[PDB]
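Undergrad: Let me give you the structure first, and then I'll get to my questions.
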Amino acid sequence: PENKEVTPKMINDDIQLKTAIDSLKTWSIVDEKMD
Amino acid sequence: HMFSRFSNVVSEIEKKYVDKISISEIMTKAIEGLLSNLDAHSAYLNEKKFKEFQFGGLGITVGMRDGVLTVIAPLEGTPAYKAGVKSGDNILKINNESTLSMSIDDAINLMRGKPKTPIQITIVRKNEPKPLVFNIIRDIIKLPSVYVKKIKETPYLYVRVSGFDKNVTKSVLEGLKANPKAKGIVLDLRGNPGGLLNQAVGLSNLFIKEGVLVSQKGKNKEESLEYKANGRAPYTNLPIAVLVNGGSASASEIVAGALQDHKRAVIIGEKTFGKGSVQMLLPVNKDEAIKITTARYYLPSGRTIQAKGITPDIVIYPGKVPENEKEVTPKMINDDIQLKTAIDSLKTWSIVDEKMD
Amino acid sequence: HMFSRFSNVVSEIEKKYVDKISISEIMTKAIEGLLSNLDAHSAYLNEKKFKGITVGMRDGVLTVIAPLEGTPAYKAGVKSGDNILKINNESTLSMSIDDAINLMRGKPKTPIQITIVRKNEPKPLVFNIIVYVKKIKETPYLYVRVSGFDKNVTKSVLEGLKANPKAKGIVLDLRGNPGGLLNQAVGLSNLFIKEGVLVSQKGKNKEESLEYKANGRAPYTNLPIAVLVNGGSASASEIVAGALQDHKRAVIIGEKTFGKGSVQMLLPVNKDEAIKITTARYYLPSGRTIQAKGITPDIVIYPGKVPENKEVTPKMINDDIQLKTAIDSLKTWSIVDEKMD
């Protein structure tokens, strides 16, 4: 939805990649809270 | 005795002006002009206005952005939402009078008044090349704000807070108690204009055990209040997933901001409408008083809400996710992608919990 | 004393505000607030004008933020908003903010060549920086387009009309004219009016009520006139339209005008500070004022296109319908003149 390395260009092209990055952001937050 | 600079200017204005205005009228224009020049949210109450200050309305919460009047968020139960008023628009006129320069207090006075009284508002929208005129009738409709709805085929609830009014903490606590088998929350704060601070720290107190919740600090050492969590937090481990949107402010970012800094939740949505400040009505004269901001609340970290806002950890925008009765059906989740993403962040939280179990 | 109301408020602000503000800072906030609340046009002047053009990005195109009055380049003849092609032999397709200010702005009194392409000009015009009359084709009516009420405008209009002794009507165009010097505006209206009152400045005092009366040196009393006005005309442009309309010396055609009948008398108040307020307002021959009801044209017509089936071409007339109406009102004037003759 709209308003050598992985730039945000193709991240927006496919939604499955974006969901995987958001799933990793949630993993980091839970790790920090439990730490 | 630094009034010399003001005395020189006022000495020539009263002498060479087209009209006949007394010193009293000129000074009132100076007091009112100075207050409106400090910041947006200041106003002056005269002899007549102050006495009458101490029900109903269209439900529009208003605030100024970059010098232009804008609507923060219309409440769901009020006719403003039903009429078609949306957040982010610019108010141009009300009752056929211009909105070039006023304050929040008088603008609220225009909306508020006797119920069942029609009001005409002209609104300029980004997507509309021409301003549109809206006719809205007033009412005194009372609707519950906080309600919990279990989501089907998931252990995750859905707690929507429409407004931070009184007894929100009790309703949230009872709603979470009514589902002892729950294993998640979707704390929806989208389009929440604001509410009371004393209850915002109460709601977040259910989740945070140790650590400051928010701190108000002016330019003076005293009056610098600081709210801290108590040891009676019952739900220090249950997963949360807060939803925010550009129509949330004024203790809609105290609940979201405090959880974000304490890593108690995953803020999801768009950037919030940055609005953090405390306004009081200090009396200055016999029956004249000024409304001047003195202190803001800084998030547990120490950063400020005005006017940066809350940047969600996951940024998304409203839309339909691509596809190929007292509960949250799978259908209603599909219309808005922001609600589906909030459940997705809850699934990852559960998986990490099981892995670390 | 009289400062009791302000002293109490200014102390509370200095004591219980979010930030720490000195009395000097709060005084300027109060001064600038008072002038703004007095009138929209009035404004407090810090360092006045004695003590040059900024280009920003808006909708993907370059726009001018604020032009300075003291820059001599403004009087040179450089017009903003044009499709700029070259600035000192530099490509304008891709420039930065720092590049623009360092290139387009330089030391004055030095030759600088810019290439600008104008929509109406078939070829680009090269400008080096160190109010016209045009006969309308196939019609005996001239076209006195006054873009701005600058100096010598009255002399230029009178001289240009003397170059066309066969004149039979004037489309006096005052559309989109912010205004200018009153003394020149009265001089322009004095060409066409033999006797009467032109304008009158008035304030709150019986003295200083200036009144302007026409003299007998009007050369073009009987020449037909059809003034064009719109919402972009202010001050001196409304002075001519109102003075002619009240004297029945012209036919005003167009839309309603924005009243700007006031005088902003700049005046110092301190060592390096000044104020600007309204001191006199302009009242048209009848008596009614220009601010802010403006001038109601006799023949009201909004911009549009006419329906299909060195000089002013017939094709150029068709683009704007107001110009066609002004020529039509001159044709009727000629017929009525002939009938009584």
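Residues are named by chain letter and number: chains run A, B, ... in the order of the structure tokens, numbers start at 1 in each chain, and ligands are numbered from 1 in the order shown.
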I'd like the neighbourhood of region 275-286 of chain B as number ranges by chain, where a residue qualifies if any of its atoms comes within 6 Å (using only C-alpha atoms), though same-chain residues fewer than 5 positions away should be ignored.
TA: B: 249-250, 291-293, 295-296, 305-307
Undergrad: Can you tell me, as a compact mmCIF listing (two decimals) with N, CA, C and O atoms, in the first residue's frame, which residues in region 42-123 of chain B count as strand (DSSP E) by DSSP?
TA:
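Contents of selection-v1.txt, freshly written:
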# COMPACT_ATOMS: atom_id res chain seq x y z
N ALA B 43 -4.80 31.82 24.13
CA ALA B 43 -5.95 32.67 23.89
C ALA B 43 -6.17 33.57 25.09
O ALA B 43 -5.72 33.28 26.20
N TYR B 44 -6.88 34.68 24.86
CA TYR B 44 -7.19 35.66 25.89
C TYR B 44 -8.69 35.69 26.11
O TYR B 44 -9.47 35.75 25.15
N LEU B 45 -9.10 35.65 27.38
CA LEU B 45 -10.51 35.69 27.76
C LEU B 45 -10.81 37.04 28.40
O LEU B 45 -10.22 37.38 29.43
N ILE B 60 -15.93 17.42 16.75
CA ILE B 60 -14.68 17.67 16.05
C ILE B 60 -13.65 18.18 17.04
O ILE B 60 -13.90 19.15 17.77
N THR B 61 -12.49 17.52 17.08
CA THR B 61 -11.34 18.00 17.83
C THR B 61 -10.42 18.74 16.87
O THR B 61 -10.04 18.19 15.83
N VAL B 62 -10.06 19.97 17.21
CA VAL B 62 -9.41 20.88 16.28
C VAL B 62 -8.02 21.23 16.81
O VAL B 62 -7.79 21.24 18.02
N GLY B 63 -7.10 21.49 15.89
CA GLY B 63 -5.76 21.91 16.24
C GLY B 63 -5.08 22.51 15.04
O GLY B 63 -5.37 22.15 13.90
N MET B 64 -4.15 23.43 15.29
CA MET B 64 -3.49 24.16 14.23
C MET B 64 -2.18 23.49 13.85
O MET B 64 -1.37 23.14 14.72
N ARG B 65 -1.97 23.31 12.55
CA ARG B 65 -0.74 22.76 12.00
C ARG B 65 -0.20 23.73 10.96
O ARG B 65 -0.94 24.17 10.07
N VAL B 68 -2.27 26.69 9.92
CA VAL B 68 -3.55 26.47 9.27
C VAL B 68 -4.41 25.59 10.17
O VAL B 68 -3.91 24.59 10.71
N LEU B 69 -5.67 25.96 10.34
CA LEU B 69 -6.58 25.18 11.16
C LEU B 69 -6.84 23.82 10.52
O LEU B 69 -7.18 23.74 9.33
N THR B 70 -6.69 22.75 11.30
CA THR B 70 -6.91 21.40 10.82
C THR B 70 -7.71 20.62 11.85
O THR B 70 -7.77 20.99 13.02
N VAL B 71 -8.33 19.53 11.39
CA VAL B 71 -9.11 18.65 12.25
C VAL B 71 -8.25 17.44 12.61
O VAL B 71 -7.72 16.76 11.73
N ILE B 72 -8.11 17.19 13.91
CA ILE B 72 -7.29 16.06 14.36
C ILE B 72 -8.01 14.75 14.10
O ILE B 72 -7.52 13.89 13.35
N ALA B 73 -9.19 14.56 14.71
CA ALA B 73 -9.97 13.35 14.51
C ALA B 73 -11.39 13.53 15.03
O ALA B 73 -11.59 13.96 16.17
N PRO B 74 -12.40 13.20 14.22
CA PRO B 74 -13.78 13.22 14.73
C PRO B 74 -14.12 11.90 15.42
O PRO B 74 -13.81 10.82 14.92
N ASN B 90 -8.15 20.82 6.07
CA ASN B 90 -7.97 22.19 6.53
C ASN B 90 -9.33 22.88 6.60
O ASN B 90 -10.06 22.92 5.61
N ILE B 91 -9.65 23.43 7.77
CA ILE B 91 -10.91 24.15 7.95
C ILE B 91 -10.74 25.56 7.41
O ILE B 91 -9.81 26.29 7.79
N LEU B 92 -11.65 25.96 6.51
CA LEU B 92 -11.60 27.27 5.87
C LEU B 92 -12.63 28.24 6.42
O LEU B 92 -12.33 29.43 6.58
N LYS B 93 -13.84 27.78 6.70
CA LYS B 93 -14.90 28.66 7.18
C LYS B 93 -15.83 27.88 8.10
O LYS B 93 -15.89 26.65 8.06
N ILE B 94 -16.53 28.62 8.95
CA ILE B 94 -17.59 28.08 9.80
C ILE B 94 -18.59 29.19 10.05
O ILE B 94 -18.21 30.29 10.47
N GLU B 97 -18.16 32.67 8.25
CA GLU B 97 -17.09 33.57 8.67
C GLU B 97 -15.74 32.90 8.44
O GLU B 97 -15.60 31.68 8.52
N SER B 98 -14.74 33.73 8.13
CA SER B 98 -13.42 33.22 7.79
C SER B 98 -12.72 32.66 9.02
O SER B 98 -13.03 33.01 10.16
N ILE B 119 -25.02 23.61 11.98
CA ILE B 119 -23.78 24.36 11.80
C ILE B 119 -23.23 24.04 10.42
O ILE B 119 -23.18 22.87 10.02
N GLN B 120 -22.81 25.07 9.69
CA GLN B 120 -22.24 24.92 8.36
C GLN B 120 -20.73 25.13 8.43
O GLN B 120 -20.27 26.12 9.01
N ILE B 121 -19.98 24.20 7.85
CA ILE B 121 -18.52 24.24 7.87
C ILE B 121 -18.01 24.08 6.44
O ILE B 121 -18.47 23.19 5.71
N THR B 122 -17.07 24.93 6.05
CA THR B 122 -16.39 24.82 4.76
C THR B 122 -15.02 24.21 4.99
O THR B 122 -14.24 24.72 5.80
N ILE B 123 -14.73 23.12 4.28
CA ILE B 123 -13.52 22.34 4.48
C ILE B 123 -12.76 22.23 3.17
O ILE B 123 -13.36 21.91 2.13
Undergrad: Taking only C-alpha atoms into account, report as a ChimeraX atom specification which residues of chain B lie within 10 Å of chain A.
TA: /B:237,239,241,260,262-268,270,313-322,337,341,344-353,356
Undergrad: Which residues are near residue 273 (chain C)? Cut-off 9 Å, only C-alpha atoms, ignore same chain within fewer than 6 positions. Put them as a list in words.
TA: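 Here the qualifying residues turn out to be residues 44, 45, 46, 47, 48 and 267 of chain C.
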Undergrad: Can I get the selected residues back with N, CA and C atoms, as a PDB file, in the first residue's frame?
TA:
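The result, written out as again02.pdb:
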ATOM      1  N   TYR C  44       4.560  45.771  11.502  1.00  0.00           N
ATOM      2  CA  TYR C  44       5.708  46.349  12.184  1.00  0.00           C
ATOM      3  C   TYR C  44       6.983  46.038  11.412  1.00  0.00           C
ATOM      4  N   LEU C  45       7.871  47.024  11.333  1.00  0.00           N
ATOM      5  CA  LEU C  45       9.083  46.932  10.527  1.00  0.00           C
ATOM      6  C   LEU C  45      10.292  46.853  11.449  1.00  0.00           C
ATOM      7  N   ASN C  46      10.992  45.722  11.406  1.00  0.00           N
ATOM      8  CA  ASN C  46      12.279  45.582  12.072  1.00  0.00           C
ATOM      9  C   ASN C  46      13.382  45.869  11.061  1.00  0.00           C
ATOM     10  N   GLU C  47      14.280  46.787  11.415  1.00  0.00           N
ATOM     11  CA  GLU C  47      15.301  47.322  10.519  1.00  0.00           C
ATOM     12  C   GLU C  47      14.702  47.986   9.284  1.00  0.00           C
ATOM     13  N   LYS C  48      13.410  48.336   9.334  1.00  0.00           N
ATOM     14  CA  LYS C  48      12.623  48.871   8.222  1.00  0.00           C
ATOM     15  C   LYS C  48      13.037  48.293   6.873  1.00  0.00           C
ATOM     16  N   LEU C 267       6.999  55.138   8.897  1.00  0.00           N
ATOM     17  CA  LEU C 267       7.528  56.176   9.771  1.00  0.00           C
ATOM     18  C   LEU C 267       8.393  55.567  10.869  1.00  0.00           C
TER      19      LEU C 267
END
Undergrad: Using only C-alpha atoms, which chain B residues lie at most 7 Å away from chain C, written as a PyMOL selection string?
TA: chain B and resi 6+8-9+16-20+27+29-31+33-34+37+218-219+284+292-295
Undergrad: Could you work out how far CA of residue 326 (chain C) lies from CA of residue 184 (chain C), giving the answer in Å with one decimal?
TA: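 About the pair CA of residue 184 (chain C) and CA of residue 326 (chain C): they are 24.2 Å apart.
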Undergrad: Residues of region 31-64 of chain C in helix (DSSP H, G or I) according to DSSP, as a PyMOL selection string?
TA: chain C and resi 31-38
Undergrad: Can you tell me, as a VMD selection string, what residues are no more than 9 Å from residue 298 (chain B) when counting only C-alpha atoms, ignoring any on the same chain fewer than 2 positions away?
TA: chain B and resid 214 to 217 254 276 296 300 to 306
Undergrad: Mind giving me the straight-line distance from CA of residue 114 (chain C) to CA of residue 89 (chain C) in Å, one decimal?
TA: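 According to the coordinates, CA of residue 114 (chain C) and CA of residue 89 (chain C) are separated by 7.5 Å.
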Undergrad: Excluding residue 83 (chain B) and residues on its chain fewer than 3 positions from it, collect all residues at most 10 Å away from it, counting only C-alpha atoms, and give them as a list in words.
TA: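 These residues fall inside the cut-off: residues 58, 78, 79, 80, 86, 134, 135, 136 and 137 of chain B.
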Undergrad: Keeping N, CA and C atoms, export the residues of the selection given above as an mmCIF file, in the first residue's frame.
TA:
data_model
loop_
_atom_site.group_PDB
_atom_site.id
_atom_site.type_symbol
_atom_site.label_atom_id
_atom_site.label_comp_id
_atom_site.auth_asym_id
_atom_site.auth_seq_id
_atom_site.Cartn_x
_atom_site.Cartn_y
_atom_site.Cartn_z
ATOM 1 N N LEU B 58 -20.400 19.050 17.778
ATOM 2 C CA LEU B 58 -20.242 18.190 16.612
ATOM 3 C C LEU B 58 -19.220 17.085 16.830
ATOM 4 N N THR B 78 -20.062 10.850 17.315
ATOM 5 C CA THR B 78 -20.550 12.185 17.015
ATOM 6 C C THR B 78 -20.898 12.328 15.535
ATOM 7 N N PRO B 79 -21.797 13.260 15.202
ATOM 8 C CA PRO B 79 -22.228 13.401 13.799
ATOM 9 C C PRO B 79 -21.122 13.810 12.842
ATOM 10 N N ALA B 80 -19.990 14.315 13.338
ATOM 11 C CA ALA B 80 -18.916 14.734 12.442
ATOM 12 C C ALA B 80 -18.390 13.565 11.618
ATOM 13 N N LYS B 86 -13.046 14.159 7.755
ATOM 14 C CA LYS B 86 -11.911 13.255 7.850
ATOM 15 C C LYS B 86 -10.693 14.012 8.361
ATOM 16 N N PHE B 134 -20.404 21.539 4.375
ATOM 17 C CA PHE B 134 -21.056 20.466 5.109
ATOM 18 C C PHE B 134 -22.046 21.051 6.107
ATOM 19 N N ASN B 135 -23.240 20.469 6.154
ATOM 20 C CA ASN B 135 -24.260 20.830 7.130
ATOM 21 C C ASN B 135 -24.389 19.692 8.131
ATOM 22 N N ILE B 136 -24.151 19.992 9.405
ATOM 23 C CA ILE B 136 -24.137 18.990 10.464
ATOM 24 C C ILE B 136 -25.053 19.454 11.586
ATOM 25 N N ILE B 137 -25.921 18.562 12.044
ATOM 26 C CA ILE B 137 -26.803 18.835 13.173
ATOM 27 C C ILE B 137 -26.150 18.306 14.442
#
Undergrad: Measure the distance from CA of residue 231 (chain C) to CA of residue 176 (chain C) in Å and round it to one decimal.
TA: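 It comes out at 7.1 Å.
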Undergrad: Compile the contact shell of residue 53 (chain B) as a ChimeraX atom specification: residues with an atom at most 12 Å away, counting only C-alpha atoms, same-chain residues fewer than 6 positions apart removed.
TA: /B:45-47,105-106,108-109,112-113,281,287-289
